[PDB]
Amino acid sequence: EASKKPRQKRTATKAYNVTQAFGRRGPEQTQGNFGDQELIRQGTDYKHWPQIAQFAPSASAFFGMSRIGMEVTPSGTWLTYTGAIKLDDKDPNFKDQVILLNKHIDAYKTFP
């Protein structure tokens, strides 16, 4: 039931984890690089998910803020995206936010 969904609409959870929904973390251009082993294993059941999720864009923001392209290639047709989301450094939590995000960025380098 979880795996029936198009990839961009999947919701990772302990039962259907980040690796299962979105592939092994890793270094390549269109492979995901985000998550330490606890997030990878728990998905949205991760205890600090909401403090990560506060940075994800709404659908309107996703198409409003991003640089969208379309590439047709031997594998299919791909909607490419790029953008950046500013952290609020007025937020007393800003320090914590950074540390939490950096915990998960490229964390895969540190384990098998």
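In this text, the rigid core denotes the largest set of C-alpha atoms whose superposition between the two forms falls within 1.5 Å. Throughout, we count residues from 1 along the sequence that is shown.
For the pair 72-80 and 57-65, greater average C-alpha departure from the shown form in 9 other deposited structures of this protein after core alignment is found in 72-80.
The question of which stretch, 56-64 or 40-48, has the higher mean Cα B factor is settled in favour of 40-48. With 75-83 and 29-37 compared on mean CA B-factor from the PDB entry, the stretch scoring higher is 29-37. In this PDB entry, residue 94 carries a Cα temperature factor that places it within the middle third of its chain's modelled residues.
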